[PDB]
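Following: one structure in structure tokens, then a few remarks.
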Amino acid sequence: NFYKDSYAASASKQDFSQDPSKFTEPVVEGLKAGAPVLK
Amino acid sequence: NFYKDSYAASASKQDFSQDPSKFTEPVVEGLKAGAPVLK
Amino acid sequence: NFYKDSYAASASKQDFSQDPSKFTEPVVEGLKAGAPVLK
Amino acid sequence: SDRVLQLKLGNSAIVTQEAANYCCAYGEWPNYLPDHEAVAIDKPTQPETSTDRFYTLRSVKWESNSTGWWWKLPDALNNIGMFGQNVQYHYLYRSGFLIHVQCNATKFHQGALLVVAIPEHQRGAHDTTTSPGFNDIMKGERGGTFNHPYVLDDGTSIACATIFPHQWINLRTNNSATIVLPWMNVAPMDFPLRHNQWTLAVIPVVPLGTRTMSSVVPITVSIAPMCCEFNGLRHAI
Amino acid sequence: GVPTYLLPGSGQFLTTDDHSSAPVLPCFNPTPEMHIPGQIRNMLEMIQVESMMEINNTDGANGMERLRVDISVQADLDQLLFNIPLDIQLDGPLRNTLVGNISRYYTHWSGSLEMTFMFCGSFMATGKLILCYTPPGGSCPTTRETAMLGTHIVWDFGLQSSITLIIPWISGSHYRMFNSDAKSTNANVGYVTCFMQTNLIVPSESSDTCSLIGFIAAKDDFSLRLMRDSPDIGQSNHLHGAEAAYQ
Amino acid sequence: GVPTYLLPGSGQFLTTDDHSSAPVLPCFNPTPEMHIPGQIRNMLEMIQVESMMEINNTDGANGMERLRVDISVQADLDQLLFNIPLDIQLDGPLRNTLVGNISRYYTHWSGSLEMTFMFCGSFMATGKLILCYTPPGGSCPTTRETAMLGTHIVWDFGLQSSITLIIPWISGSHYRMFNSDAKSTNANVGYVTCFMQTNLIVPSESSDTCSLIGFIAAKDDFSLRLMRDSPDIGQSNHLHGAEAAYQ
Amino acid sequence: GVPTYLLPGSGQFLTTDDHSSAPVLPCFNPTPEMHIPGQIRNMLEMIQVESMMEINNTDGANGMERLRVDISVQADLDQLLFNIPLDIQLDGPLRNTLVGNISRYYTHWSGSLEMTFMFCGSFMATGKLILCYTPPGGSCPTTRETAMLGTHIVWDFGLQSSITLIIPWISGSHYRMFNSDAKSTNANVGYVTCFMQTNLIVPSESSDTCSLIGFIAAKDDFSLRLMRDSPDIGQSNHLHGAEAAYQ
Amino acid sequence: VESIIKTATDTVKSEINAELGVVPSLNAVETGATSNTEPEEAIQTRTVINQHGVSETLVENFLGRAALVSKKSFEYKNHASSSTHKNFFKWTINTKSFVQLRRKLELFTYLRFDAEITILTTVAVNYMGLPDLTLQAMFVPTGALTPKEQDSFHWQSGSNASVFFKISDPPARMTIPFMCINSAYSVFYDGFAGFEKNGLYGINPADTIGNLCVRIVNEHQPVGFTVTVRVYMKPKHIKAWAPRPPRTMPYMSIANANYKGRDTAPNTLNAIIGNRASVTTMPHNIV
Ligand SMILES: CC(=O)N[C@@H]1[C@@H](O)[C@H](O[C@@H]2O[C@H](CO)[C@H](O)[C@H](O[C@]3(C(=O)O)C[C@H](O)[C@@H](NC(C)=O)[C@H]([C@H](O)[C@H](O)CO)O3)[C@H]2O)[C@@H](CO)O[C@H]1O
């Protein structure tokens, strides 16, 4: 980026961080694999 | 290559590896020079 | 030269080697300065 | 030494006393699908001996005016034995093939057959813009016949067909041809009923001829799938 | 100066290009970032959330009635209850789902899908169902004896209200694709069918017709490629008020 | 900014140029590579495979009959059986071969060629032939006494069915070239002729007319330069269905 | 991207520019170099070779007669035999020589010249001549007493057949130049004259008229600058066959 | 067996041979192997240090050329009363319409490569000057939704890649990556791309890069013009597998390998090579 303002830069396509659980498993108590979910 | 995707790069004309035998001699038993091929 | 083929390069104007004698004195026996050429 | 050979797979074996070495297509050998190339995630079935064995198809007669024969794989075997059953019950299949073409005659007979394994042999139709139909392509165990072997029925040429894995059966020299074929495709597995990886072509470049007692001279094809794997189990089609 | 030459492509405007460009407001200081709940960084995170399949997409079924499949106490055995076409790239029960909607912004896909069904009958209602996934190749099975030969899960109604049928990625090619031909070898995924394993059985005071709600989602072995405009939205005229933005 | 100036050539589109260009689909992830049998990296690998020469390119010879040369039991001695023109850059027996077809995509060539002939008569048939390569300069030899003075191999029919005649690279210049003049000093390769060394001899029950199949290929000392459009393919109209690609 | 701006000169095609340019045939492998006799790297090497001056450029002298100067037995003393104009940049005896031809592709020159004369009379012929170089300033000398005051060499005919008169670089300015004005102070080199020092003397059976062949060349202290089109070649029409190159 | 080759192989001097049991010039074509007879074994050779390069035949270079794959001319005008490409067209990308490129690609069974696309535009008045029009080329995936009008809202190209260029600019250019759903494109496909039996033979949709929709952005002018768009494709980063017999018969269709042959040799169905009087007749014999 030859411009003085950083917002002028090209795209930033390097953020590979993810956390699907905030959408797929937003339950307070984690669900164990194989174990009956309701006990 | 100033582009972010590697497939955008210029041509790759440096692969000098060869193995003609896969086409010229695909026989299971290598043929010895001078020796009768059928024995 | 940013091209991949060397023959694409700009001119080569740095060969200052010379040997005029191949044209000016192609005689088998070198001629000595001052000495009679025919003896 | 390189004229005699025994091939043994499963409960089947074949010997020849007049071979000409044998061909390993592109210098490769069949193998099972490695984890780093796999796509389908269900555990595959590898029946081994029930499918990896020699299947002998019906013979054809080599006549003075024959144009040549062809068999597409896996189509030719899709309805034979346990290989055929696995193919019908599974959406996906993968395998190599050991091909052995047989043809014997007499020391007084002459003739030369080009035995070539063609990858992706997409046929063309003659003198029409209409593409070949399903029945023109899928002949099954019976195989098909060449209309214009000179151009490999695809507008190219038999002259340059030697660029493909092959051998010849020249009657004065040998009586069989053997070609080992590895899985050949752009995908690790495929649906066996709609795509043929290889086409076995047997073409008489030099016609059968003799002045001795005339006899029926057959050409027989035996094919053994190798390293068979099947995925996507369901009901039979 | 520096000797240069313009290449083909010079001066063009490619909508997918990626370059820096002149800042309109120099020395502008953007509002400080603040933590906000629910940040999403990859669309694959969104499609892993299961959403309702519109299985009852039939004439006569209106609105939410289309989002549930009613099953009744049967008089005959091994009864077929319903089936579901599987091309998440074509219109059908799977199109208006999180995975379906986002996938339709792409052309190629790969990965396992998961279908979860929740039984919504009364507590006193019992039953066993069999959910089957049939890889492609033939016609959709119409009898349990045939469907049962494919991938399946036998579901017993009970305290745990839901069952999951995994539709494992089973394909010859790395990816499947959309090309508007549902019968293409690179598109057809196969079928999902549901039959009574036993029967829905309920007492006199429980409703004898119960509903199931089917959900679908992608697993984390999913991948989407080749972005394209979605076929699910379009316009033939200016939206109301659009022209007023110029007045 | 940087002071610059455009050079002649700026803005042109050279079909053989080599530059990077804007990726149409950013962040696209190509399908993983998979090992596939038969990879070829240099076209020279292809031309080293021998293919059939169309030696019997005569009126009356149809299809595959053109790919074999029939020889019969002779009544006279030292008989000429056939000859073969050698410009792999012009139409003739060598044009539709792997080496011929690929070479015709180029203009310059250098290297040794090899011709292999397979005798396809019966086992009881015997014979000796002489295959001769005559470097350029004169008229094609018509008698064995003359042909025999050039490069040659005397072939004895037997268990080993094939013989190879090497056509060594013998040229004044590093490369030979095509210029549509077969008699040019930089094009003419010379001639190949075949005579009976003794005679084809067979018993009563063997066919008394036998065929030879001739093959040709380049050796690994071969080199091709200056790519050009091949003269072996062309079109004067749109192919069927081409215009339909726009409908 | 990089901010830039085009300078005056951008887009122009200067015939003497020096830049790299797109290779028409990528991956082309030029023919290997081979040693060849007589390589020349600087044109100054060529002009150091002496070549024949056309001193007898007179009406009546045809062809090679113009390349030799005939001298006869004189009846009078101190006789003037011939003179030679010296502007190697204008038409005259020096123009069609190696040094003259190459120099005319340039505008400025500096360095010593050397004139060598070979006596071609019979062995029995004797004589002494005086060759004089007169630096510029006045009219060409017509008497030996005047010419003798300049740079000179007295030549005695004998076994060594040739004599060399050095025309040393004597100029006020570093270089002399051509401007089509032979009398310009920056162009005129002066004069060369030849007189009998004694006389040509021969016996009755020897020819009494003998020829001299004059040669000229540059020494290695020579330098040429400012290339220009040569005035020694030109065309007003298409050459024969030029237009046929388009048919 | 695999090795790095940068130049043609050298030749070693050879001596006289007279060894029993050694017959290098004899071979057995039946094995399927090409003759391994070396020049040194066939004749007496001298030593030659061969410096001839082999780079011009590298597959990357052989196929690395921008070849014409599409040429389309249409009328740019007021199409009020047109039955016809109304200021735009759609082209289903394919490399089977122009024979020079097609034949070369068909020398291989499978090919993996990225494709550099170059678009050249030309205009002619149907005289008072040539307008510097702006064009839009939108990439629409195979079988996907294409525009039906020059001013369709489909051209808003929210996700599809679009390139806008002027006739006065150098040809537009961009690279389409190797986008096949498989590890390589199938130049030939011996199968049917559908689960039923009526599908098309030899056409694997997985090998169709997609649709190219091109329109003139400018509204029509008072007069009509003929606009021609030419698309060139240059494969790069190439990997090739299983070479094949070259095409000999003229092509008939872009959808198949159907053949007929020329009316008379050369390249006629019963005779690929032109005829000579006899097998002992030497054409172009030096007189
Ligand atoms: C008259 C005679 O003595 N003998 C002819 C013989 O010349 C003729 O041969 C044809 O001759 C022409 C020259 O006129 C060419 O050399 C033909 O060859 C090729 C070529 O190399 O150019 C081969 C190529 O494959 C062909 N291409 C296509 C795309 O079809 C071209 C093409 O037809 C021509 O360029 C036409 O324009 O020709 C060569 O065969 C034979 C024919 O039987 O007949 C003799 O009598």
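Letters A, B, ... mark the chains of the structure tokens in the order given; residue numbers begin at 1 per chain; ligand numbers begin at 1, in order shown.
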
Test item: residues no farther than 8 Å from ligand 1, counting only C-alpha atoms and all ligand atoms, as a ChimeraX atom specification: /F:59,89-92,95,231-235 /H:248-250,262,264-267,272-277,283

Give me every strand (DSSP E or B) residue in region 8-184 of chain G, going by DSSP on the backbone, as a PDB file with N, CA and C atoms, in the first residue's frame.
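Once written, selection.pdb looks like this:
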ATOM      1  N   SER G  51      43.994  -0.423 -48.874  1.00  0.00           N
ATOM      2  CA  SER G  51      43.288  -0.736 -50.111  1.00  0.00           C
ATOM      3  C   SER G  51      43.711   0.269 -51.177  1.00  0.00           C
ATOM      4  N   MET G  52      43.468  -0.074 -52.438  1.00  0.00           N
ATOM      5  CA  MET G  52      43.883   0.755 -53.566  1.00  0.00           C
ATOM      6  C   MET G  52      43.171   2.086 -53.778  1.00  0.00           C
ATOM      7  N   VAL G  69      49.103   4.474 -61.409  1.00  0.00           N
ATOM      8  CA  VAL G  69      49.665   5.710 -61.933  1.00  0.00           C
ATOM      9  C   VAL G  69      50.922   5.372 -62.720  1.00  0.00           C
ATOM     10  N   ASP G  70      50.911   5.678 -64.010  1.00  0.00           N
ATOM     11  CA  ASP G  70      52.054   5.388 -64.861  1.00  0.00           C
ATOM     12  C   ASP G  70      53.097   6.492 -64.815  1.00  0.00           C
ATOM     13  N   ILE G  71      54.357   6.110 -64.644  1.00  0.00           N
ATOM     14  CA  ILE G  71      55.433   7.087 -64.637  1.00  0.00           C
ATOM     15  C   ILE G  71      56.389   6.712 -65.761  1.00  0.00           C
ATOM     16  N   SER G  72      56.917   7.720 -66.439  1.00  0.00           N
ATOM     17  CA  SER G  72      57.827   7.489 -67.546  1.00  0.00           C
ATOM     18  C   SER G  72      59.183   8.129 -67.316  1.00  0.00           C
ATOM     19  N   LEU G  80      57.084  16.988 -61.606  1.00  0.00           N
ATOM     20  CA  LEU G  80      55.904  16.664 -60.809  1.00  0.00           C
ATOM     21  C   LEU G  80      55.260  15.483 -61.531  1.00  0.00           C
ATOM     22  N   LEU G  81      54.916  14.431 -60.796  1.00  0.00           N
ATOM     23  CA  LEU G  81      54.305  13.256 -61.407  1.00  0.00           C
ATOM     24  C   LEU G  81      52.796  13.192 -61.182  1.00  0.00           C
ATOM     25  N   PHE G  82      52.352  13.512 -59.971  1.00  0.00           N
ATOM     26  CA  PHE G  82      50.928  13.491 -59.665  1.00  0.00           C
ATOM     27  C   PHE G  82      50.681  14.015 -58.263  1.00  0.00           C
ATOM     28  N   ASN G  83      49.429  14.354 -57.974  1.00  0.00           N
ATOM     29  CA  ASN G  83      49.061  14.804 -56.641  1.00  0.00           C
ATOM     30  C   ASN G  83      47.784  14.064 -56.264  1.00  0.00           C
ATOM     31  N   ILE G  84      47.406  14.134 -54.994  1.00  0.00           N
ATOM     32  CA  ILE G  84      46.218  13.433 -54.522  1.00  0.00           C
ATOM     33  C   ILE G  84      45.428  14.261 -53.521  1.00  0.00           C
ATOM     34  N   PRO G  85      44.151  14.562 -53.821  1.00  0.00           N
ATOM     35  CA  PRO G  85      43.349  15.341 -52.869  1.00  0.00           C
ATOM     36  C   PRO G  85      43.126  14.424 -51.666  1.00  0.00           C
ATOM     37  N   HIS G 108      32.641  12.561 -38.145  1.00  0.00           N
ATOM     38  CA  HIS G 108      33.868  13.065 -37.542  1.00  0.00           C
ATOM     39  C   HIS G 108      34.955  12.007 -37.590  1.00  0.00           C
ATOM     40  N   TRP G 109      36.196  12.444 -37.779  1.00  0.00           N
ATOM     41  CA  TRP G 109      37.317  11.517 -37.809  1.00  0.00           C
ATOM     42  C   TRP G 109      38.589  12.153 -37.259  1.00  0.00           C
ATOM     43  N   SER G 110      39.482  11.305 -36.769  1.00  0.00           N
ATOM     44  CA  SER G 110      40.746  11.741 -36.204  1.00  0.00           C
ATOM     45  C   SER G 110      41.727  10.583 -36.294  1.00  0.00           C
ATOM     46  N   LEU G 113      46.916   8.630 -41.180  1.00  0.00           N
ATOM     47  CA  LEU G 113      46.639   7.807 -42.347  1.00  0.00           C
ATOM     48  C   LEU G 113      48.001   7.387 -42.870  1.00  0.00           C
ATOM     49  N   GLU G 114      48.041   6.308 -43.639  1.00  0.00           N
ATOM     50  CA  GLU G 114      49.298   5.865 -44.216  1.00  0.00           C
ATOM     51  C   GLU G 114      49.075   5.513 -45.673  1.00  0.00           C
ATOM     52  N   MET G 115      49.946   6.027 -46.532  1.00  0.00           N
ATOM     53  CA  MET G 115      49.875   5.737 -47.955  1.00  0.00           C
ATOM     54  C   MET G 115      51.095   4.912 -48.322  1.00  0.00           C
ATOM     55  N   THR G 116      50.853   3.763 -48.932  1.00  0.00           N
ATOM     56  CA  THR G 116      51.932   2.891 -49.346  1.00  0.00           C
ATOM     57  C   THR G 116      51.869   2.753 -50.858  1.00  0.00           C
ATOM     58  N   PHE G 117      53.014   2.917 -51.509  1.00  0.00           N
ATOM     59  CA  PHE G 117      53.071   2.786 -52.954  1.00  0.00           C
ATOM     60  C   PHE G 117      53.980   1.624 -53.310  1.00  0.00           C
ATOM     61  N   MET G 118      53.526   0.790 -54.237  1.00  0.00           N
ATOM     62  CA  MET G 118      54.314  -0.348 -54.687  1.00  0.00           C
ATOM     63  C   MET G 118      54.739  -0.078 -56.124  1.00  0.00           C
ATOM     64  N   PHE G 119      56.043  -0.139 -56.385  1.00  0.00           N
ATOM     65  CA  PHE G 119      56.554   0.086 -57.732  1.00  0.00           C
ATOM     66  C   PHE G 119      56.419  -1.229 -58.489  1.00  0.00           C
ATOM     67  N   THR G 126      65.214   1.427 -62.235  1.00  0.00           N
ATOM     68  CA  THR G 126      65.602   2.054 -60.977  1.00  0.00           C
ATOM     69  C   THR G 126      65.020   3.456 -60.913  1.00  0.00           C
ATOM     70  N   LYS G 128      64.241   7.135 -57.960  1.00  0.00           N
ATOM     71  CA  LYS G 128      64.006   7.697 -56.643  1.00  0.00           C
ATOM     72  C   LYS G 128      62.884   8.712 -56.786  1.00  0.00           C
ATOM     73  N   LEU G 129      61.901   8.630 -55.897  1.00  0.00           N
ATOM     74  CA  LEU G 129      60.775   9.558 -55.912  1.00  0.00           C
ATOM     75  C   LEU G 129      60.670  10.206 -54.544  1.00  0.00           C
ATOM     76  N   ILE G 130      59.987  11.339 -54.480  1.00  0.00           N
ATOM     77  CA  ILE G 130      59.781  11.993 -53.203  1.00  0.00           C
ATOM     78  C   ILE G 130      58.275  12.181 -53.063  1.00  0.00           C
ATOM     79  N   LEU G 131      57.731  11.685 -51.957  1.00  0.00           N
ATOM     80  CA  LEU G 131      56.306  11.786 -51.674  1.00  0.00           C
ATOM     81  C   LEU G 131      56.145  12.802 -50.557  1.00  0.00           C
ATOM     82  N   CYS G 132      55.335  13.827 -50.801  1.00  0.00           N
ATOM     83  CA  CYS G 132      55.161  14.888 -49.819  1.00  0.00           C
ATOM     84  C   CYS G 132      53.745  15.138 -49.335  1.00  0.00           C
ATOM     85  N   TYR G 133      53.614  15.343 -48.028  1.00  0.00           N
ATOM     86  CA  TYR G 133      52.332  15.674 -47.432  1.00  0.00           C
ATOM     87  C   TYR G 133      52.465  17.122 -46.981  1.00  0.00           C
ATOM     88  N   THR G 134      51.587  17.970 -47.500  1.00  0.00           N
ATOM     89  CA  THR G 134      51.599  19.387 -47.176  1.00  0.00           C
ATOM     90  C   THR G 134      50.401  19.749 -46.304  1.00  0.00           C
ATOM     91  N   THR G 151      56.033  17.419 -44.879  1.00  0.00           N
ATOM     92  CA  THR G 151      56.341  16.074 -44.407  1.00  0.00           C
ATOM     93  C   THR G 151      56.610  15.226 -45.644  1.00  0.00           C
ATOM     94  N   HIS G 152      57.678  14.435 -45.631  1.00  0.00           N
ATOM     95  CA  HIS G 152      57.964  13.624 -46.804  1.00  0.00           C
ATOM     96  C   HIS G 152      58.873  12.429 -46.591  1.00  0.00           C
ATOM     97  N   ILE G 153      58.929  11.593 -47.621  1.00  0.00           N
ATOM     98  CA  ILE G 153      59.770  10.409 -47.633  1.00  0.00           C
ATOM     99  C   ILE G 153      60.383  10.301 -49.030  1.00  0.00           C
ATOM    100  N   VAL G 154      61.699  10.113 -49.093  1.00  0.00           N
ATOM    101  CA  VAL G 154      62.376   9.936 -50.374  1.00  0.00           C
ATOM    102  C   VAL G 154      62.449   8.425 -50.560  1.00  0.00           C
ATOM    103  N   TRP G 155      61.900   7.960 -51.671  1.00  0.00           N
ATOM    104  CA  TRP G 155      61.823   6.539 -51.974  1.00  0.00           C
ATOM    105  C   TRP G 155      62.811   6.052 -53.029  1.00  0.00           C
ATOM    106  N   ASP G 156      63.601   5.050 -52.659  1.00  0.00           N
ATOM    107  CA  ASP G 156      64.581   4.449 -53.559  1.00  0.00           C
ATOM    108  C   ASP G 156      64.051   3.079 -53.991  1.00  0.00           C
ATOM    109  N   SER G 162      57.953  -1.516 -51.792  1.00  0.00           N
ATOM    110  CA  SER G 162      57.033  -0.473 -51.378  1.00  0.00           C
ATOM    111  C   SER G 162      57.541   0.516 -50.344  1.00  0.00           C
ATOM    112  N   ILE G 163      57.012   1.731 -50.418  1.00  0.00           N
ATOM    113  CA  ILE G 163      57.380   2.789 -49.491  1.00  0.00           C
ATOM    114  C   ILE G 163      56.106   3.278 -48.811  1.00  0.00           C
ATOM    115  N   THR G 164      56.240   3.751 -47.581  1.00  0.00           N
ATOM    116  CA  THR G 164      55.092   4.267 -46.860  1.00  0.00           C
ATOM    117  C   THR G 164      55.292   5.729 -46.485  1.00  0.00           C
ATOM    118  N   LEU G 165      54.298   6.542 -46.820  1.00  0.00           N
ATOM    119  CA  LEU G 165      54.295   7.952 -46.465  1.00  0.00           C
ATOM    120  C   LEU G 165      53.252   8.040 -45.362  1.00  0.00           C
ATOM    121  N   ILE G 166      53.660   8.458 -44.172  1.00  0.00           N
ATOM    122  CA  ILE G 166      52.700   8.597 -43.090  1.00  0.00           C
ATOM    123  C   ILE G 166      52.108  10.000 -43.156  1.00  0.00           C
ATOM    124  N   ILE G 167      50.786  10.089 -43.075  1.00  0.00           N
ATOM    125  CA  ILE G 167      50.118  11.383 -43.061  1.00  0.00           C
ATOM    126  C   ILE G 167      49.713  11.501 -41.600  1.00  0.00           C
ATOM    127  N   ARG G 176      38.244  16.200 -37.246  1.00  0.00           N
ATOM    128  CA  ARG G 176      37.954  16.945 -38.462  1.00  0.00           C
ATOM    129  C   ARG G 176      36.553  16.450 -38.798  1.00  0.00           C
ATOM    130  N   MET G 177      35.841  17.161 -39.658  1.00  0.00           N
ATOM    131  CA  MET G 177      34.490  16.748 -39.996  1.00  0.00           C
ATOM    132  C   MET G 177      34.129  16.999 -41.447  1.00  0.00           C
TER     133      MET G 177
END

note - CA of residue 175 (chain F) and CA of residue 10 (chain H) are separated by 15.3 Å

What residues in chain F lie within 9 Å of chain G, counting only C-alpha atoms, written as a PyMOL selection string? chain F and resi 1-10+14-18+174-175+225-227

Written selection (N, CA, C and O atoms) as an mmCIF file, in the first residue's frame:
data_model
loop_
_atom_site.group_PDB
_atom_site.id
_atom_site.type_symbol
_atom_site.label_atom_id
_atom_site.label_comp_id
_atom_site.auth_asym_id
_atom_site.auth_seq_id
_atom_site.Cartn_x
_atom_site.Cartn_y
_atom_site.Cartn_z
ATOM 1 N N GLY F 1 5.207 10.692 -7.941
ATOM 2 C CA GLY F 1 5.145 9.310 -8.493
ATOM 3 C C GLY F 1 6.418 8.934 -9.222
ATOM 4 O O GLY F 1 7.411 9.662 -9.174
ATOM 5 N N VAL F 2 6.390 7.796 -9.903
ATOM 6 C CA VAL F 2 7.547 7.322 -10.646
ATOM 7 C C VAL F 2 7.484 7.803 -12.092
ATOM 8 O O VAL F 2 6.490 7.589 -12.783
ATOM 9 N N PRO F 3 8.537 8.484 -12.564
ATOM 10 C CA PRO F 3 8.526 8.957 -13.950
ATOM 11 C C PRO F 3 8.723 7.755 -14.864
ATOM 12 O O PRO F 3 9.620 6.939 -14.641
ATOM 13 N N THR F 4 7.882 7.633 -15.884
ATOM 14 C CA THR F 4 7.980 6.508 -16.807
ATOM 15 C C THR F 4 7.692 6.929 -18.244
ATOM 16 O O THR F 4 7.298 8.065 -18.504
ATOM 17 N N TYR F 5 7.907 6.007 -19.176
ATOM 18 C CA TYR F 5 7.613 6.257 -20.581
ATOM 19 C C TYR F 5 7.298 4.928 -21.250
ATOM 20 O O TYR F 5 7.905 3.900 -20.936
ATOM 21 N N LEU F 6 6.329 4.950 -22.157
ATOM 22 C CA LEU F 6 5.916 3.742 -22.851
ATOM 23 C C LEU F 6 6.804 3.440 -24.052
ATOM 24 O O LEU F 6 7.135 4.326 -24.844
ATOM 25 N N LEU F 7 7.181 2.172 -24.175
ATOM 26 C CA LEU F 7 8.032 1.705 -25.258
ATOM 27 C C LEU F 7 7.229 1.177 -26.436
ATOM 28 O O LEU F 7 6.036 0.883 -26.316
ATOM 29 N N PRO F 8 7.874 1.070 -27.605
ATOM 30 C CA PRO F 8 7.159 0.538 -28.763
ATOM 31 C C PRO F 8 6.768 -0.872 -28.304
ATOM 32 O O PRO F 8 7.521 -1.506 -27.566
ATOM 33 N N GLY F 9 5.605 -1.356 -28.719
ATOM 34 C CA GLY F 9 5.173 -2.672 -28.285
ATOM 35 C C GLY F 9 4.132 -2.544 -27.184
ATOM 36 O O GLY F 9 3.372 -3.477 -26.913
ATOM 37 N N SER F 10 4.082 -1.376 -26.550
ATOM 38 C CA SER F 10 3.122 -1.143 -25.480
ATOM 39 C C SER F 10 1.688 -1.286 -25.983
ATOM 40 O O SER F 10 1.327 -0.739 -27.030
ATOM 41 N N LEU F 14 0.523 -10.075 -28.083
ATOM 42 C CA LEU F 14 1.348 -11.076 -28.758
ATOM 43 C C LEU F 14 0.876 -12.428 -28.212
ATOM 44 O O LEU F 14 0.913 -12.659 -27.001
ATOM 45 N N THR F 15 0.430 -13.312 -29.100
ATOM 46 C CA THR F 15 -0.092 -14.611 -28.682
ATOM 47 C C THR F 15 0.912 -15.516 -27.989
ATOM 48 O O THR F 15 0.524 -16.482 -27.332
ATOM 49 N N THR F 16 2.197 -15.212 -28.131
ATOM 50 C CA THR F 16 3.225 -16.012 -27.484
ATOM 51 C C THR F 16 3.829 -15.288 -26.284
ATOM 52 O O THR F 16 4.869 -15.709 -25.772
ATOM 53 N N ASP F 17 3.194 -14.207 -25.830
ATOM 54 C CA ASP F 17 3.733 -13.473 -24.683
ATOM 55 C C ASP F 17 3.599 -14.318 -23.422
ATOM 56 O O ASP F 17 2.867 -15.304 -23.409
ATOM 57 N N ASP F 18 4.313 -13.945 -22.367
ATOM 58 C CA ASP F 18 4.270 -14.714 -21.127
ATOM 59 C C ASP F 18 4.253 -13.796 -19.908
ATOM 60 O O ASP F 18 5.296 -13.356 -19.428
ATOM 61 N N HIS F 174 23.423 -27.986 -38.652
ATOM 62 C CA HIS F 174 22.921 -28.516 -37.391
ATOM 63 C C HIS F 174 21.485 -29.014 -37.525
ATOM 64 O O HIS F 174 21.133 -30.062 -36.980
ATOM 65 N N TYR F 175 20.660 -28.258 -38.247
ATOM 66 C CA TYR F 175 19.262 -28.627 -38.447
ATOM 67 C C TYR F 175 18.881 -28.648 -39.913
ATOM 68 O O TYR F 175 19.534 -28.022 -40.743
ATOM 69 N N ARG F 225 12.470 -27.353 -33.555
ATOM 70 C CA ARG F 225 12.432 -25.915 -33.291
ATOM 71 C C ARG F 225 11.482 -25.158 -34.210
ATOM 72 O O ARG F 225 11.107 -25.643 -35.283
ATOM 73 N N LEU F 226 11.133 -23.947 -33.771
ATOM 74 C CA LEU F 226 10.283 -23.018 -34.510
ATOM 75 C C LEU F 226 8.872 -23.524 -34.783
ATOM 76 O O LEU F 226 8.539 -23.955 -35.889
ATOM 77 N N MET F 227 8.039 -23.432 -33.753
ATOM 78 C CA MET F 227 6.662 -23.890 -33.830
ATOM 79 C C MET F 227 5.845 -23.133 -34.861
ATOM 80 O O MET F 227 6.006 -21.927 -35.045
#

Identify every residue of chain D that has at least one atom within 12 Å of any atom of chain B, counting only C-alpha atoms, and report the result as a PyMOL selection string. chain D and resi 1-5+17-29+161-167+173-174+177-181

Skip residue 131 (chain H) itself and residues of its chain fewer than 6 positions away, then list as a CSV table (one decimal) with N, CA and C atoms, in the first residue's frame all residues within 10 Å of it, counting only C-alpha atoms.
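As written to disk, part-v9.csv reads:
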chain,number,residue,atom,x,y,z
H,123,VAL,N,-14.7,-3.0,-34.5
H,123,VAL,CA,-15.9,-2.3,-34.9
H,123,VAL,C,-15.9,-1.8,-36.3
H,124,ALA,N,-17.0,-1.8,-37.0
H,124,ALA,CA,-17.2,-1.2,-38.3
H,124,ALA,C,-18.5,-0.6,-38.5
H,125,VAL,N,-18.6,0.6,-39.1
H,125,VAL,CA,-19.8,1.3,-39.4
H,125,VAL,C,-20.6,0.6,-40.5
H,166,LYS,N,-12.9,-1.0,-22.8
H,166,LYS,CA,-13.2,-0.2,-23.9
H,166,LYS,C,-12.5,-0.7,-25.2
H,167,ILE,N,-13.0,-0.4,-26.3
H,167,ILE,CA,-12.4,-0.8,-27.6
H,167,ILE,C,-11.1,-0.1,-27.8
H,168,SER,N,-10.9,1.1,-27.2
H,168,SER,CA,-9.7,1.8,-27.3
H,168,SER,C,-8.6,1.3,-26.4
H,221,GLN,N,-26.7,3.8,-30.7
H,221,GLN,CA,-26.4,5.1,-31.4
H,221,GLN,C,-27.5,5.3,-32.5
H,225,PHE,N,-23.8,-0.5,-36.1
H,225,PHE,CA,-22.4,-0.9,-36.3
H,225,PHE,C,-22.4,-2.4,-36.2
